[PDB]
Each structure stands twice: as C-alpha cells, then as structure tokens.
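Below is one structure, written out as structure tokens, with a few remarks after it.
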Ligand SMILES: O=P(O)(O)C[C@H](O)Cn1cncn1
Ligand SMILES: O=P(O)(O)C[C@H](O)Cn1cncn1
Ligand SMILES: O=P(O)(O)C[C@H](O)Cn1cncn1
Ligand SMILES: O=P(O)(O)C[C@H](O)Cn1cncn1
Ligand SMILES: O=P(O)(O)C[C@H](O)Cn1cncn1
Ligand SMILES: O=P(O)(O)C[C@H](O)Cn1cncn1
Ligand SMILES: [Mn+2]
Ligand SMILES: [Mn+2]
Ligand SMILES: [Mn+2]
Ligand SMILES: [Mn+2]
Ligand SMILES: [Mn+2]
Ligand SMILES: [Mn+2]
Ligand SMILES: [Mn+2]
Ligand SMILES: [Mn+2]
Ligand SMILES: [Mn+2]
Ligand SMILES: [Mn+2]
Ligand SMILES: [Mn+2]
Ligand SMILES: [Mn+2]
C-alpha cells in the first residue's frame, strides 16, 4: 500500500512517498529542520514509512515550503488508500507529554474539516514560525479529505504541545486506516 | 446471541429483535422515518442485526411511539446478554461528523443512569420533534440497566449532532459487550 | 465551456451540467422547491446555464439531497474551468434586497475556504430547513476549490437575506471566471 | 514478569510484589481497609496480581502508611518493566461509575508528572482522609517514572469518584505496558 | 508612461523605475527578500512593470532601507502620471486570501492620507519586522499624493494578511489610473 | 566527594562531573553559550567544581540538549551525596540583583518537587528560549530527589531575573549539603 506524489512549482520542489503498511523507518529531510523532528513521530508512533524530499525558498519565510509538503502528504495519503473498504475509518486518541494533553479525532471519509483549538504561548520554537502548525493540518485536511478535530486539554510549553499533537495524530491515523475490523468489505 | 421482545399496549404495537453478534444487516421500519435513518447507524457501525417493527399513533404527537421502541430495544438488549461473563463491560468512544464531536461512555452493569449535555439549536430536524433524542436514551437506559454519559464537544447542526451520537453510541456498544478480553470468565 | 457531472448514491441520484459562458436559461428541478427559486438567481443574474435534476429521499430530512446537489455543482464547476488561464480570478460584489446587504468575495484558486457570518432569525423559510444554506456553500467550496467570504451587513427577513446572497454570489462568480482581463495567458 | 520490593523504615514495614502479566487474583492487606477495596480494582480490572503487606503506625494519622505503600508499588512497577521494548507505552481510558466520569491518561516513559483535577466534596469516605488520594498517585508517579493526567468530568459522590479513578487507572495501565503492538522491538 | 527616480543618501542607494502601462514582468531586488515577494504582487496582479534596485544598511535594522524604497516608488508614480486627465481616479477593491479579507480604497488626487486598521499577531514574518508594513504605505502616500484606506475585515495569519493587502492595493491601483472612462479629458 | 555521570542518547552526548566540596573553578561548555554563563554562577557562588561537556542537536531547537544536561547534573548530585548523614539538609536564601529578588528554598530529601513562580517578560535572552529555565530545574529536581521552591519577589529584566535565581540556588545548595551541623550523624 504505497502512494507517491511528486509536485514542483516555481517556489518549491516536493517529492513525497508513503508506505501506509510499514515499520518505523524514516528518511525525510525538508528545508526546515524542525519538521524533520515532527515527521519522525508519525513514522515511529504511527508505524508509517514516510519519505519526504523538499527543496524550497527558505531565503524568504517558511510559509511556502510548509504548504507544499503538507499538500503532498495528503495527495499521497488519498492515493495510498483506494476505494475505502474494510477499514475502521474512525481514529481517536489522546497522548500526554509532560503536563500537556492533546485529543485528536479523525474521520477519513471524503469531507474535509479542521477544528483547531491549540494556543501556543511563544512565537518561535527553535526557528519554526509556530503559526504554521495549524496551517500544516489545514493543508493536510484539504487534500486527504478527512475531518480532523484537535483539542488542547492542558499544558504550557511550545515544544511539548506540538510534539503531543504529532504523537496523537499518528496513533489516531494507524487506528483508522491501518487496522481492520472483523468485517471483510 | 439473540433477544426478542414483543410489546403491545393501547397506543403502540412494537416488535423488536436484536442479534448482538452479527453483521451490518438492517430492516427496521418505525412509524416515523427519521428513526429509521438512525437505527441504520447502530447496524452498520455497531455491527448489530436489529429488527424493529412498530405501529403507533402518529395521528397525535410522536412521543408515545418513541418510548415504546426505545423501551423494547433495552429489554431485548438485557435479554441478549445473560449472566454477564467475559465481556469488556466498558465502552468509550468519540466520533466526529462535520464540525461536531460527541463523546459517549457507557457501563452496562445493572445500574441505570443517563447524563445528557447536548443542545440542539433547531426544534425539528425533518419532522422529528428533537426533544425526544434525550428521551430515546432515557428509555433505553432504564430497561437495559446501563450508565450512559453523552457529551457534546463541538458543532452546530441538528442533523450532524444527532448522527454523531448514534455513530458513537454504536461503536461504544460493540466495544463493551461484543468484544471480549483475554480472561475467560 | 461546459462541465457535466452525474452522481448517484444509495440516497440520491443527481444529474448536473453547467454552461459557464451562456445566457439566462434555467431548467433545474430539485426535490425541494425552494432551491429551484434560488438556482434561478444564479442563472439570470450570473448569466449561467445550469441544469440540475436530483431525485432523493425527502421522505426523511432534506439534508441528504442538499449536499449531493451542492457537491455536484462544484465538481461540474471545477470541470467547467480547465487550466486556469486568462481569467480575472477575483470576484467581489455586494447586492441589496429590501433592508438587507450581503457582501460576497471569492478567489477560485485551488484552496477551499468558507467564511459564513449570516444569522437568519426564523427556522423555516417555506419548508426549507434554513440551517442548510451554510451547508450548501460548504459543499460547493470543498469540490470547486475556492475561497469564499459571505458577510451580512444589514437586514432582518429570512427570504430577503437568502435571496440577497444568491444574487451577490452570482454576480461575483461571473466577475471572477466569466470576464477576462487584458492579458492573454 | 514480576517485581518485588521490600521496604522498612522506623514508621512502616512494607512488602510489595506485582505480577504484571497475570489474572484477577488479589491478596493485599494494608493497615487501613479502604485501600484494600481500591487495590482490588487494579487487580480485577487491570488484570494484575498485586500482593501488598504493610504494617504501620495507624495509631497516628494514616499519611505515613499511605506514602510507603504507594512508593513501593512504583519501585516494584519500575522493576517489573525492564528495558522498555515492544510495549504500546500509551494508556488512555475513561470509565463511568454512577454520574461520575474520570479520564486517566499515562505515558510510562522516564519522566514523572502528576496532573490532578479531582475535587471530592466530603472529608472522609469511611475513615480514609480523602486528601491522600492525590498523594497516593503523587508517590506512585515519582518512583515509577510516568506522566499521569487524571481529570474529573462529572459526578458528586466521594465513594463514586475515587472508585471511578481506580477503575480507569487500571484499564489504562494494562493498555500501556501489558498489551503489545505489531512491532517486535 | 514611465517614471524613473534615482535617490542616494548616506544610508541607502535606491534606483526605481515603473512602467504604469505594462505587463506582468518583475525584476526588483531589495536588500531584504520579503519585499521582493510583495513587489511581485503589484507586478502580476496590478499588471505594472516595476524595477527596484536598492543597496542599504541591513547591518542595522531594516527601517532605513524600507523608507527609501517606498519613498522612491511614490515619486516615480507621481512622475508616471502627468496632468491627471482621463483616468477613473477612484480605485476600490477587496481581495481574499485564506480566511483574510483586506479592503483597499484610494483616491490619487493631490492630498495625502493613510488610514491603517490592520493588526498583525506576530512580530516577524520570516525576518521582516512587521511594524514596517504601515510605514511602507505611509511613505508611499506622502510622495504620491493619494488618500488610502486599508481595512482588515477578517483573518489571523501574518503571511496571509500582508499578502492580501498587496493583492488588493495592486488591483485598486490599476483601476484608478490604468483604466480610463468614457470621457476624453 | 565527587560524582561523575556520562550519558549518551541518539540526540545528545553528555559528560558531567561535580566536586561538591571544592573551589570556584569552572570548565563547562554546553552547546548553547547562555548556560555557560549560568553554570559559572553555581561554581563561583556555590563554591562547586562543575565540569560539563555536552554535544547535541542545536540544528533544531535547544529543548533536547537542555534536558540531558540538567538530568545529568542531578544524577551526578545524587551520586555525589551518599547515605545522607551529618548535613544541614535545609537550604534557603534570597539574593538581589538590580531590582529583582528571587527566594529559593530546598530540601534534598528523597522526594522531588518543583514550585515555580517566575514570569519572564521577553521570549529570548540572547538566543536562549526562556521557557527552558523552568524545564532546567524540573529536570534537575526529578533525578536529584529534592523539593525546590523558587519565588520571584520583584524585578522586570530577563537577564536579571535568571541570574538572580542561579545565584540564590547556588548559595542555598552549599548551605544544605556542603555545610555541616554540630551533630556527627
Ligand atoms: O518522548 P521521548 O522521551 O521518546 C523523546 C522526545 O521526543 C524528546 N523530548 C523531550 N521533551 C520534548 N521532546
Ligand atoms: O457519514 P456518511 O458519509 O457515511 C453518510 C451520512 O450518514 C450522511 N450525512 C451527511 N451529512 C449528515 N449525514
Ligand atoms: O428581486 P425581484 O424584484 O426581481 C423578484 C424577487 O426575486 C422576489 N422577491 C420579493 N421579495 C423577495 N423576493
Ligand atoms: O462496580 P460494581 O457494581 O462491580 C461494585 C462496586 O465496586 C461497588 N459500588 C457500588 N457503588 C460504589 N461502589
Ligand atoms: O496566491 P497564490 O496561490 O497564487 C501563491 C501565494 O502567493 C503563496 N501563498 C500561499 N499562502 C500564502 N501565500
Ligand atoms: O553580578 P556581577 O556584578 O558580579 C556580574 C554579573 O554577573 C553581570 N551582570 C550585570 N548585569 C547582569 N549580569
Ligand atoms: Mn498559506
Ligand atoms: Mn522533541
Ligand atoms: Mn415520556
Ligand atoms: Mn444523515
Ligand atoms: Mn452534512
Ligand atoms: Mn424571492
Ligand atoms: Mn507526604
Ligand atoms: Mn465500592
Ligand atoms: Mn521612519
Ligand atoms: Mn506568499
Ligand atoms: Mn522536555
Ligand atoms: Mn550576567
């Protein structure tokens, strides 16, 4: 079960491929290094094999090369799934880091939606603009065709809240499409 | 594992049977057609085989023929279970529709309770009186002997909130009694 | 410039075709008659030729046969456009009815968004559920791939506010894609 | 998989052993009888085999013999686990009693934390000082090395809230370390 | 219709030329790269041919080399126009990006004014100081001799609000001076 | 009295050694230079001999290489102490910088706790993320096994508040364990 999408514009050049049924292998180098620590989380905890290579204009702000990565993961994930048959289709999970809880629920059925209730106190994490985290999941929703609710329940630390939502999105994505129920189709 | 209850009063005539271990088959025609769309949800997502035939006085308000359907599903579900042995007994699940989250938790152990926190903005959905949804689960609780907490977390659409709680009740009922733990009894 | 989409599920059967460059001709019969008065407005004021034939389950609530009409207009409108070249791409317009102003702005470039600020006082217009008007434009946005801002500026009348936003959406859709600028491509 | 810890000070004398992979057997007599009803819950619902023998100074307040029990369960649970390999590592669960919901989430990875949001109305349950329940889980966190979030969602009954958090901690501890994912190590 | 202004002080060295009647060609390299992405917008959407070469002291803050660019565009734009005859003279436009609306209105008649109602949440975009955007249009107003009202109507994203006002200023500047009415002079 | 801890993970490589009874000598180079100015303060004012060598991934945010330094100082400090005998065990001190008072109290007896009441106005000091100062003392508490209360009493300057708490922690750590009372053991 693999979907691979290449996509190149005048701003970015994005190469994306995902094995949906796989192991904790990860090779994914974007132009900004903080996404590389977050795409490790949906490889080791979601047990996906994700491969991202993106070259973009970080000479200017990082908004352009974060859209085109997140848009390409969704088109690869819509192409990874087929005619949706024999999957659980519902993924819900909550995951603590230190002091912080995120609850992530998702639907993976045609219709795109993003509910976003996180509030990050600081404006940069290391060098990541921190207003792009909602824009990562907004771009992932619009091409994958999924409903997604992300809710913060506790916690005040910028590196801890963003890493609690990428562990909880990974565990709730391998519960929806990766696992299978008792029915056949 | 089947329980079947017939029940007839001067107002209604209700025939109800449930296969608790079954597939996504559904034949259930009540006097009001909007329940028929909701009992489809606890057949396809709960993987139950539910059979409801009710004839009642919809010449007057629909309050009378909604009690006697919901009372008969519970007596059939108490008769579907036996001496409760080797079941998980706890069912919790949250399920998104577009913009709306419902969290449903349940207990299935003797004691009846209903906590209800939904707030529906409109007063009719198509023709369904919308004040009967809490009364559906109040009648189902009192005969099944279960604790039930239903909590709205987001969402403003009458057809979306009621369909998000009948998908989440179904997935949380096939987690409590249908699945079995590692112990035998 | 024509796009035609047929779409049939277990609930509805929808046939939709749009001439984007056309005249004020209109033949469009949905299962609910109040949409037929509103699709007249995007034919005579938008100068589109829209043809809708939908058969659906109005035996239950009208939510199901309003999605599948609005989803099919968008896929027809994405197929009416091609590689977007030589269009204005921006459509903004405000249109009064009696006492009521709606301001509609749109983008037609890939990314879907809906901003909705209307507040209708009553719950039915004639028989139309009135909570579906936002759901009409939510379904039209997700398949057409357009940003859409709809803002109420004045007015308290249910038939006047909904008819002021379907005149202003029509005039702002024939300004974006139908008219052409001085450039060639 | 067994860890056994003996620990004796001038105040208490505590003997603690836990089979982490086991059945619903329970023999655990502390000096105060209300802990004995609560350690039954993490034996039958968590499917652990816990053995506690503690003799302490209940001639004075029960604060001293509740620390040393809860400190010894954690050191036994850190010794029950080894090099943490091939476990789910995340345990989240919510469990109703009558009218009361507790949501318990946990992490079991090195770092200790306790978030506590319960509010018990009365000051004694039978004879248990009721300000020690947070101190039970504070002592269990500091030696086990786990993050733990405990959140009350409803309910006003002292015996019902404390028994809803010891059923939900047990089900969320046999989900984190007891169950195993599809990966090997 | 071309105006070209060279201007050099002890701090900056600015070379600016604008073809007002032209096409979507753009070669404009300032010392800070985020202006280069914004001056692309008034070339492709305004259909102007703008040429900016500025060398300045970005060894210190960027306030000095943003004034002298914006002051030189206005003197070039006052020299691009002549005795104002046969132009529309009024330019108003609103332009959505994702979630954000800016309404820009302008006058181009002698008298300088700037109304500014934007509120940007963050303090840097990539490396641009974000308090200079109002100072860009304040310097452009004082030399061009135009009234300018900029009003935010929605939106919370720093890169989206600033790019929605440079698309709407461009479309409202090619409506005022570039297009011509039915009168001759 | 020396404890030395080496610790290496996939992210960092930390070498830490502390002479608890020593002089004002300091050689400690972490990957981020602002910790090096703060570990000078617990060498000259605490009269400790601390040696830290850490190599970590400052290619991404500094959160990872600040945990593993602070975790290694605590394990070295627990190994510096032995069976705690003949020490004062209580350390309390308040220390002014310009306009700012911090009161630091500590316990060094088994049980870990951190109370943190500082509020820093800015978000970076030079390049240090400033949300990590509480996370420094949270990691130092969990491995050393000490209670620690840090309270701000006055002051508004980011470099002055953080340097007032590292002078007051040093003087309160050489009062607890370094000095000895009149008793022998
Ligand atoms: O969760 P872990 O312990 O497996 C490693 C984390 O990814 C690193 N971390 C520590 N604090 C925040 N992130
Ligand atoms: O959830 P689906 O997409 O399987 C079909 C829904 O039952 C129909 N629906 C669409 N909006 C509200 N209900
Ligand atoms: O706008 P008109 O006058 O062309 C006809 C309207 O469509 C009918 N109407 C009158 N009030 C509300 N709608
Ligand atoms: O939950 P049960 O019914 O298995 C027995 C309970 O432990 C006893 N109880 C009844 N109310 C509060 N506790
Ligand atoms: O508006 P577009 O899609 O033509 C390209 C934008 O300029 C890039 N962008 C995407 N988000 C914010 N800016
Ligand atoms: O406290 P001092 O004067 O010994 C030197 C300080 O460490 C340097 N300093 C001056 N302001 C803030 N820090
Ligand atoms: Mn964007
Ligand atoms: Mn991390
Ligand atoms: Mn009743
Ligand atoms: Mn439905
Ligand atoms: Mn819908
Ligand atoms: Mn009308
Ligand atoms: Mn205590
Ligand atoms: Mn009890
Ligand atoms: Mn200035
Ligand atoms: Mn841009
Ligand atoms: Mn951390
Ligand atoms: Mn200093």
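Residue numbering for chain E follows Swiss-Prot; the residues present correspond to positions 76-260, in that order.
Placement of Cβ uses the backbone N, Cα and C atoms for every residue, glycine included.
From the candidate list E:120, E:126, E:210, E:224, the residue Swiss-Prot records in the Mn(2+) 2 site shared with E:138, E:142, E:235 is E:210. Taking Cβ-Cβ distances under 8 Å and a sequence gap of 6 or more within the same chain, the neighbours of residue E:210 (Mn(2+) 2 binding site) are E:138, E:141, E:142, E:145.
The two recorded residues residue E:112 (Mn(2+) 1 binding site) and residue E:235 (Mn(2+) 2 binding site) have their Cα atoms spaced 12 Å from each other. Each of the binding-site residues E:112, E:138, E:234, E:235 was scored by how many other Cβ atoms lie within 10 Å of its Cβ, and the smallest score goes to E:138. Checking the binding-site residues E:138, E:139, E:142, E:210, E:235, E:238 against ligand 16, the ones whose Cβ sits under 6 Å from it are E:238. Those binding-site residues from E:112, E:210, E:234, E:238 lying by chain A, with Cβ under 8 Å from one of its Cβ atoms, are E:112, E:234. Take the CB of residue E:139 (Mn(2+) 1 binding site) and look out to 10 A: across all protein chains shown you find 16 other CB atoms.
Shown in sequence order, E:112, E:113, E:116, E:172 are the residues of the chain, 6+ apart in sequence, with a C-beta less than 8 angstroms from the C-beta of residue E:238 (Mn(2+) 1 binding site). Taking 8 Å as the upper bound (exclusive) on CB-CB distance to chain F, the binding-site residues E:138, E:139, E:142, E:210, E:235, E:238 give none.
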